[PDB]
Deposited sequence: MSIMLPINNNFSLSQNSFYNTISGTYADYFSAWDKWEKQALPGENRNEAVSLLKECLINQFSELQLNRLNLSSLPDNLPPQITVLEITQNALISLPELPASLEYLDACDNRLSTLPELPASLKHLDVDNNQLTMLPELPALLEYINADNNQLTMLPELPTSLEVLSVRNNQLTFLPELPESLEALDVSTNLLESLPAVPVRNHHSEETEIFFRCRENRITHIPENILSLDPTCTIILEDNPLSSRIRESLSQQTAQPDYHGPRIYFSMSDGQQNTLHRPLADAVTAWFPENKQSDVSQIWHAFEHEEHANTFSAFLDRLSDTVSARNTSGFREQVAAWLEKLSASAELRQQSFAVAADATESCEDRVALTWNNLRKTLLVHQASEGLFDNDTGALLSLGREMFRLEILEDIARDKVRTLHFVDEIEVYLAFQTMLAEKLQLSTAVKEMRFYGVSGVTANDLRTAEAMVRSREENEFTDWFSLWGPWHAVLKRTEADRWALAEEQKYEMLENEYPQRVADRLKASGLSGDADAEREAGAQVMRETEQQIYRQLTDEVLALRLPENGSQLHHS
């Protein structure tokens, strides 16, 4: 009986908060039932709840612009739900007939199971960290301004994807035109295969931490005839940006040799890493800069390392950074950081060489690739392999390691590559290593000057220093 509905609704009317028009709601509810209408609209009534039972035959429900915290059991044949502009914290089971779900501008942390006939889903402006498995006839999924870091499998029928203002670390895998709105995410790179997508497909990448090298490479080949892709296109400011005055203390070194070139390094280094937060990297670079501000010699030698690696090393800040750590190590060694710790210096050597091998591998993979920076690949290896390859001084990014075209097989191949290559070249590599030579100059200057005289191609230096090393290595047994 309709009387059961009317009585329940009348009871509900009287628990309205002062600004809440439950009275008009009951009129609308009653009108809807009496006439067996398919549409019910309870818009702009400051509803703080809904009655437990809604007209069971409605096919369309509008409950826009209230203060709803949750919804009651939805009618079984509902095809269209607009519940945008409330405070929804959860949703009830969605009826199998749902075609259209608009839930924009609520407080949703998750979504329930999505039924098969869903054609449009809008959950813009919520707090989603995840999407359920998407229905197989979904046409449009708008989900902007949430907190997603990954999408599920996109269905073949999908025709528009709006994931603007989210935390996506990489471009969604592609499943009639297809549209990907991906602005304001944390996409640091795109796949190489990207340009071989058909021109019915259109991608928006504007405002992402994509480096200017990646961006300029995109502009270059999209201009050349013949997938539409929309994307965006000195000197004391560079040191300050890595903190937290240090800016004023650094201002004094403005008019030094190769100053301009050092600000170029930092900013290119920043453009490649600045989305990592944690990292990790930022903390280590700052401490390193702190050491540079303390010594004049360390500063001057670092600037020249930046300068000498500018000719064709501009797409390889990874190497330059690895050499700047070398320069720090050399400087530290010459000031006695390693005695009696020839074993500790040996352990660190193994660590440096392992990282050097991984850098080789990174450079190899990226050398031809235009849409990824070496640092992306190099940090990926680092974070995935530090434990197995025991890399204590490695930067371990918690995010961004999901790089396109780096496979599990690459990871394993790399680890093995580091082992055999180490097993074959370390001792020789170490005998030529800068910081080792600083120790040999500082402490064993007796055998050093003798071996310098003993030398009277680089092949000879190798033979002479290997001799010198295996000598001193016997003493520290």
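**Q** List in ascending order the stretches of the deposited sequence, numbered from 1, that lack C-alpha coordinates.
**A** In the chain as deposited, 1-24, 200-207, 259-261, 269-278, 290-294, 507-540, 562-571 carry no coordinates.
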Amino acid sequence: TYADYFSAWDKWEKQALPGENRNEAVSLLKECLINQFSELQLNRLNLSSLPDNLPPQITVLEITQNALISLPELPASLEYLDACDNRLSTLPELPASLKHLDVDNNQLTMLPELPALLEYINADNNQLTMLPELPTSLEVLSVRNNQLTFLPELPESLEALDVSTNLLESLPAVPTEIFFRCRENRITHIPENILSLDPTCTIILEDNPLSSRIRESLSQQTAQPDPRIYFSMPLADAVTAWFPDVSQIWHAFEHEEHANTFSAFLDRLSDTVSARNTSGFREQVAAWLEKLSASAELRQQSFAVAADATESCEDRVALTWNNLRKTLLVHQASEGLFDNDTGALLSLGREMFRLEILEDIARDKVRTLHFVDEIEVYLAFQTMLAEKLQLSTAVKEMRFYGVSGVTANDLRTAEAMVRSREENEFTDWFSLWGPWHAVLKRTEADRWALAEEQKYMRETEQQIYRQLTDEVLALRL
From here on, numbers count along this sequence of modelled residues.
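**Q** In the PDB record, does 22-30 or 444-452 carry the higher mean Cα temperature factor?
**A** Stretch with the higher mean C-alpha B-factor: 444-452.
**Q** Taking only the CA atoms, which stretch has the higher mean B-factor in the record, 326-334 or 157-165?
**A** Higher mean C-alpha B-factor: 326-334.
**Q** Checking the entry, which one of 378, 250, 80, 401 has the top C-alpha B factor?
**A** Largest recorded C-alpha B-factor: 250.
**Q** Please pick out which of 180, 265, 120, 150 has the largest Cα B-factor as recorded in the entry.
**A** Of the candidates given, the C-alpha B-factor peaks at 265.
**Q** Using the temperature factors of the C-alpha atoms in this entry, rank residue 392 within its chain: lowest, middle or highest third.
**A** It belongs to the middle third of the chain when residues are ordered by C-alpha B-factor.
**Q** For residue 8, return the chain-relative third of its C-alpha B-factor as stated in the PDB record: lowest, middle or highest.
**A** Ranked within chain, residue 8 CA B lands in the lowest tercile.
**Q** Using only modelled residues of the chain, where does the Cα B factor of residue 432 rank: lowest third, middle third or highest third?
**A** CA B-factor rank for residue 432: middle third.
**Q** State the tercile, meaning the lowest, middle or highest third, of residue 204 with respect to the CA B-factors recorded for its chain.
**A** Middle third, going by the recorded CA B-factors of the chain.
**Q** In terms of the CA temperature factor given in the entry, to which third of its chain does residue 439 belong: lowest, middle or highest?
**A** Highest third of the chain for residue 439's C-alpha B-factor.
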